[PDB]
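Structure first, commentary second.
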Amino acid sequence: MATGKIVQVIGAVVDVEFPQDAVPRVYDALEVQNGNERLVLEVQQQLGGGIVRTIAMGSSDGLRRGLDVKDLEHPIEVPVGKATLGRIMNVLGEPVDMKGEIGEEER
Amino acid sequence: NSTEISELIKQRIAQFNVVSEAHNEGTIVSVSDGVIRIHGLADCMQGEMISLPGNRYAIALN
Amino acid sequence: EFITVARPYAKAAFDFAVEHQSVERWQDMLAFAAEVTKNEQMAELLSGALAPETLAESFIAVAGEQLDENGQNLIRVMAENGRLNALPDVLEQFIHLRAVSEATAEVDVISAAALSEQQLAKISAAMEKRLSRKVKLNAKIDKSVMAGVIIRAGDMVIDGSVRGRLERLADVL
């Protein structure tokens, strides 16, 4: 399920409000469907009641207010080990070299 | 009605059990960049040591 | 101080109450809502960082004296913006807008000693010509003045106290 909703978008800074039982922690990763695409947000500050200020790890365009946001209950976490040798990856550990999935055991 | 009003307020507040902190206690309402805002602690004193969950301390400055 | 942020809510509530003829019910509703804001246990809650809709719904519960649709809707709108503490001022500006619309005034008369109840009639009659409004006196007794009378009507005063005369003469010299 997706417990949060976007309440502001100002450039790259997105505010999301959750029910006060389930506010993400700091540096947690959220996830939202930016149209026909996926966008992850990193929580920077827990400010006020249920609301959380985040940085978008991608282009912010196309974001509406009110979209459903889902919190991955863990920080951004990337593949590691021998599987990554010879690959190119972005900050999120996704391959940007078109050679397909990484094949990692552990994150 | 001036006084029975206040009595009805106190009664209905006890009914719906909205309640105030203990004086030596409070709840975190914000977290940011290394600072927290706490709500309550009516008897916190400037410079005191506040004990967090996980056996850690915060220093009351504001 | 909430004098400036209260103005919109006061005007909106008064317009609404006027359309539906219930001005006298709205004033009671606002009086009670302002009274629940002064409570020791609630004024603690209002300061917390609760979400607006939760604060409203926990505030609405403490008042069954509110006409369920509109009187509660005002609370909800105010809670959205975080202004529930402005109620004790929305009330006073509602009373003022009412007094304006019903062309009524309330003038204080400060005297060294009570007046003859025939003097008061003349003062009130004269003020009702000074003002378009129907006046309501609330005389008082003060020993600093020692003769004459102070008439204070809103923020306009007419000073005929001997005290004022003395301290206005002293400056002529």
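FYI, nothing fancy with the structure tokens labels: chains A, B, ... in order, residues from 1 per chain, ligands from 1 as they appear.
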Next on the checklist: Select, as number ranges by chain, those residues of chain B with any atom no more than 12 Å from chain C (distances computed using only C-alpha atoms).
Outcome noted: B: 1-22, 26-30, 37-42
Next on the checklist: I need the residues in range 24-160 of chain C that are alpha helix (DSSP H) according to DSSP; give them as a PyMOL selection string.
Outcome noted: chain C and resi 24-37+40-47+52-60+70-81+87-101+119-130
Next on the checklist: If the cut-off is 7 Å, can you tell me the residues of chain A near chain C, counting only C-alpha atoms? I'd like them as a VMD selection string.
Outcome noted: chain A and resid 48 to 50
Mind writing the picked residues with N, CA and C atoms as a JSON list (two decimals), in the first residue's frame?
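File written: again_28.json
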```json
[["chain", "number", "residue", "atom", "x", "y", "z"],
["A", 48, "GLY", "N", 7.18, 19.20, 11.42],
["A", 48, "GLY", "CA", 5.77, 19.30, 11.69],
["A", 48, "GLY", "C", 5.08, 17.96, 11.74],
["A", 49, "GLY", "N", 3.75, 18.03, 11.75],
["A", 49, "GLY", "CA", 2.93, 16.88, 12.05],
["A", 49, "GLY", "C", 2.64, 16.02, 10.84],
["A", 50, "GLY", "N", 3.35, 14.90, 10.75],
["A", 50, "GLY", "CA", 3.16, 13.97, 9.66],
["A", 50, "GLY", "C", 3.81, 14.38, 8.37]]
```
Checklist entry - Could you name the residues that touch residue 61 in chain B at 9 Å or less, counting only C-alpha atoms, but leaving out those on the same chain fewer than 6 positions away, as a ChimeraX atom specification? => result /B:45-48
Checklist entry - How would you write, as number ranges by chain, the set of residues in chain A that DSSP gives as strand (DSSP E)? => result A: 4-10, 13-17, 28-33, 38-46, 51-56, 68-75
Checklist entry - Which chain A residues are at most 12 Å from chain B (counting only C-alpha atoms), as a list in words? => result residues 20, 23, 24, 25, 26, 27, 43, 44, 45, 46, 47, 48, 49, 50, 51, 52, 53 and 54 of chain A
Write to file, as a PDB file, in the first residue's frame, the residues of the selection just made, with C-alpha atoms.
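Output contents, as saved in result_7.pdb:
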```pdb
ATOM      1  CA  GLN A  20       1.354  10.306  12.169  1.00  0.00           C
ATOM      2  CA  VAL A  23       6.137   8.939   9.364  1.00  0.00           C
ATOM      3  CA  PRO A  24       9.315   7.843   7.555  1.00  0.00           C
ATOM      4  CA  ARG A  25      12.593   8.266   9.378  1.00  0.00           C
ATOM      5  CA  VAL A  26      15.313  10.567   8.122  1.00  0.00           C
ATOM      6  CA  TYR A  27      17.220   9.352   5.058  1.00  0.00           C
ATOM      7  CA  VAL A  43      13.750  12.118   3.319  1.00  0.00           C
ATOM      8  CA  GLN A  44      15.829  14.993   4.676  1.00  0.00           C
ATOM      9  CA  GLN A  45      13.747  16.481   7.491  1.00  0.00           C
ATOM     10  CA  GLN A  46      10.786  15.503   9.620  1.00  0.00           C
ATOM     11  CA  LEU A  47       9.097  18.874  10.002  1.00  0.00           C
ATOM     12  CA  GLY A  48       5.771  19.301  11.685  1.00  0.00           C
ATOM     13  CA  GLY A  49       2.933  16.883  12.045  1.00  0.00           C
ATOM     14  CA  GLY A  50       3.163  13.971   9.664  1.00  0.00           C
ATOM     15  CA  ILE A  51       4.824  16.085   6.997  1.00  0.00           C
ATOM     16  CA  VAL A  52       8.283  15.278   5.673  1.00  0.00           C
ATOM     17  CA  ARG A  53      10.571  17.266   3.384  1.00  0.00           C
ATOM     18  CA  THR A  54      12.484  15.340   0.741  1.00  0.00           C
TER      19      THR A  54
END
```
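Distances from C:4, C:116, C:144, C:27 to residue 94 in chain C were compared using only C-alpha atoms, and the smallest one belongs to C:27.
Restricting the calculation to only C-alpha atoms, the smallest distance between residue 23 in chain B and any of B:44, B:52, B:35, B:60 is found for B:44.
For the atom pair formed by CA of residue 79 in chain C and CA of residue 56 in chain C, the distance is 5.8 Å, given to one decimal.
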Set the distance at 7 Å and use only C-alpha atoms: which residues neighbour range 80-93 of chain A once local chain neighbours fewer than 2 positions away are removed? I'd like the list as a compact mmCIF listing (two decimals) with N, CA and C atoms, in the first residue's frame.
```
# COMPACT_ATOMS: atom_id res chain seq x y z
N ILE A 76 18.24 4.42 0.95
CA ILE A 76 18.66 3.99 -0.37
C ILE A 76 19.72 2.92 -0.20
N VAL A 78 22.05 -0.22 -2.34
CA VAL A 78 22.59 -0.45 -3.66
C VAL A 78 23.15 -1.86 -3.74
N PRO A 95 21.69 0.01 -13.51
CA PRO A 95 22.69 0.04 -14.57
C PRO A 95 22.31 1.06 -15.63
N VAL A 96 23.28 1.89 -16.00
CA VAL A 96 23.09 2.86 -17.07
C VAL A 96 23.91 2.49 -18.30
N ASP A 97 24.28 1.22 -18.45
CA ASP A 97 25.08 0.77 -19.57
C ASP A 97 24.34 -0.21 -20.47
N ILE A 102 21.82 -6.38 -12.80
CA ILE A 102 23.16 -6.45 -12.22
C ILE A 102 23.52 -7.87 -11.83
N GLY A 103 22.61 -8.58 -11.19
CA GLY A 103 22.80 -10.00 -10.81
C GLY A 103 23.26 -10.12 -9.39
N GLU A 104 23.27 -9.03 -8.64
CA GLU A 104 23.74 -8.94 -7.25
C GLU A 104 23.05 -9.89 -6.30
N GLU A 106 23.44 -9.29 -2.82
CA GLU A 106 23.29 -8.60 -1.56
C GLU A 106 23.24 -7.10 -1.80
N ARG A 107 22.45 -6.40 -1.00
CA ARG A 107 22.31 -4.95 -1.10
C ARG A 107 22.59 -4.33 0.26
```
Item to check | Selection: 12 Å around residue 12 in chain C, only C-alpha atoms, excl. self and same-chain fewer than 2 positions, as a list in words | outcome: residues 6, 7, 8, 9, 10, 14, 15, 16, 17, 18, 19, 26, 70, 71, 73, 74, 77, 78, 90, 93, 94 and 97 of chain C
Restricting the output to N, CA and C atoms, write the selected residues as a PDB file, in the first residue's frame.
```pdb
ATOM      1  N   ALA C   6      -7.533  37.738  12.372  1.00  0.00           N
ATOM      2  CA  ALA C   6      -8.921  37.485  12.709  1.00  0.00           C
ATOM      3  C   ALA C   6      -9.879  38.163  11.748  1.00  0.00           C
ATOM      4  N   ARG C   7      -9.467  39.245  11.104  1.00  0.00           N
ATOM      5  CA  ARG C   7     -10.417  40.038  10.328  1.00  0.00           C
ATOM      6  C   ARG C   7     -11.122  39.216   9.263  1.00  0.00           C
ATOM      7  N   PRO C   8     -10.432  38.431   8.438  1.00  0.00           N
ATOM      8  CA  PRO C   8     -11.147  37.674   7.410  1.00  0.00           C
ATOM      9  C   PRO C   8     -12.194  36.751   7.984  1.00  0.00           C
ATOM     10  N   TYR C   9     -11.850  36.012   9.035  1.00  0.00           N
ATOM     11  CA  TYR C   9     -12.789  35.051   9.589  1.00  0.00           C
ATOM     12  C   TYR C   9     -13.971  35.752  10.226  1.00  0.00           C
ATOM     13  N   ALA C  10     -13.728  36.860  10.911  1.00  0.00           N
ATOM     14  CA  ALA C  10     -14.842  37.593  11.483  1.00  0.00           C
ATOM     15  C   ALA C  10     -15.792  38.051  10.395  1.00  0.00           C
ATOM     16  N   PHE C  14     -19.654  36.715   9.911  1.00  0.00           N
ATOM     17  CA  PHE C  14     -20.757  37.651  10.055  1.00  0.00           C
ATOM     18  C   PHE C  14     -21.607  37.698   8.798  1.00  0.00           C
ATOM     19  N   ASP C  15     -20.983  37.714   7.624  1.00  0.00           N
ATOM     20  CA  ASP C  15     -21.773  37.691   6.402  1.00  0.00           C
ATOM     21  C   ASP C  15     -22.653  36.456   6.356  1.00  0.00           C
ATOM     22  N   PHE C  16     -22.074  35.293   6.650  1.00  0.00           N
ATOM     23  CA  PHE C  16     -22.856  34.068   6.623  1.00  0.00           C
ATOM     24  C   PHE C  16     -24.008  34.141   7.609  1.00  0.00           C
ATOM     25  N   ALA C  17     -23.734  34.585   8.829  1.00  0.00           N
ATOM     26  CA  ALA C  17     -24.796  34.655   9.817  1.00  0.00           C
ATOM     27  C   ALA C  17     -25.877  35.629   9.393  1.00  0.00           C
ATOM     28  N   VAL C  18     -25.500  36.713   8.725  1.00  0.00           N
ATOM     29  CA  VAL C  18     -26.492  37.687   8.297  1.00  0.00           C
ATOM     30  C   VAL C  18     -27.422  37.069   7.269  1.00  0.00           C
ATOM     31  N   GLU C  19     -26.863  36.400   6.261  1.00  0.00           N
ATOM     32  CA  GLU C  19     -27.727  35.821   5.238  1.00  0.00           C
ATOM     33  C   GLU C  19     -28.784  34.916   5.854  1.00  0.00           C
ATOM     34  N   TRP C  26     -25.000  32.584  16.012  1.00  0.00           N
ATOM     35  CA  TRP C  26     -23.581  32.568  15.699  1.00  0.00           C
ATOM     36  C   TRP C  26     -22.763  33.226  16.794  1.00  0.00           C
ATOM     37  N   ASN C  70     -22.285  24.319   9.797  1.00  0.00           N
ATOM     38  CA  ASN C  70     -21.499  25.509   9.504  1.00  0.00           C
ATOM     39  C   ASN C  70     -20.605  25.901  10.667  1.00  0.00           C
ATOM     40  N   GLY C  71     -21.106  25.810  11.895  1.00  0.00           N
ATOM     41  CA  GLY C  71     -20.284  26.193  13.028  1.00  0.00           C
ATOM     42  C   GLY C  71     -19.049  25.327  13.135  1.00  0.00           C
ATOM     43  N   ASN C  73     -17.773  23.796  10.410  1.00  0.00           N
ATOM     44  CA  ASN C  73     -16.975  24.083   9.230  1.00  0.00           C
ATOM     45  C   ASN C  73     -16.047  25.257   9.471  1.00  0.00           C
ATOM     46  N   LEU C  74     -16.492  26.252  10.233  1.00  0.00           N
ATOM     47  CA  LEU C  74     -15.592  27.351  10.561  1.00  0.00           C
ATOM     48  C   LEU C  74     -14.390  26.840  11.333  1.00  0.00           C
ATOM     49  N   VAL C  77     -11.995  25.107   8.896  1.00  0.00           N
ATOM     50  CA  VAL C  77     -11.225  26.024   8.069  1.00  0.00           C
ATOM     51  C   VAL C  77     -10.128  26.674   8.891  1.00  0.00           C
ATOM     52  N   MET C  78     -10.454  27.112  10.102  1.00  0.00           N
ATOM     53  CA  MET C  78      -9.435  27.747  10.922  1.00  0.00           C
ATOM     54  C   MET C  78      -8.338  26.762  11.288  1.00  0.00           C
ATOM     55  N   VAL C  90     -11.690  36.625  16.830  1.00  0.00           N
ATOM     56  CA  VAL C  90     -12.803  36.532  15.902  1.00  0.00           C
ATOM     57  C   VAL C  90     -14.089  36.897  16.616  1.00  0.00           C
ATOM     58  N   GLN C  93     -14.255  40.821  17.066  1.00  0.00           N
ATOM     59  CA  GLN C  93     -14.515  41.529  15.822  1.00  0.00           C
ATOM     60  C   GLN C  93     -15.881  41.183  15.257  1.00  0.00           C
ATOM     61  N   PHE C  94     -16.395  39.995  15.551  1.00  0.00           N
ATOM     62  CA  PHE C  94     -17.775  39.696  15.210  1.00  0.00           C
ATOM     63  C   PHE C  94     -18.722  40.610  15.967  1.00  0.00           C
ATOM     64  N   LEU C  97     -18.521  44.089  14.314  1.00  0.00           N
ATOM     65  CA  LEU C  97     -19.250  44.172  13.057  1.00  0.00           C
ATOM     66  C   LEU C  97     -20.745  44.165  13.297  1.00  0.00           C
TER      67      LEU C  97
END
```
Who sits within 9 Å of residue 58 in chain A, only C-alpha atoms, same chain under 2 positions skipped, as a PDB file with C-alpha atoms, in the first residue's frame:
```
ATOM      1  CA  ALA A  12      13.523  19.533  -6.656  1.00  0.00           C
ATOM      2  CA  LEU A  39      10.886   8.244  -8.883  1.00  0.00           C
ATOM      3  CA  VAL A  40      12.520   7.778  -5.476  1.00  0.00           C
ATOM      4  CA  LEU A  41      12.698  10.564  -2.892  1.00  0.00           C
ATOM      5  CA  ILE A  55      14.804  15.657  -2.240  1.00  0.00           C
ATOM      6  CA  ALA A  56      13.842  14.066  -5.541  1.00  0.00           C
ATOM      7  CA  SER A  60      10.747  16.680 -10.626  1.00  0.00           C
ATOM      8  CA  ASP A  61       8.648  17.632 -13.641  1.00  0.00           C
TER       9      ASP A  61
END
```
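Straight-line separation from CA of residue 36 in chain A to CA of residue 105 in chain A: 28.3 Å.
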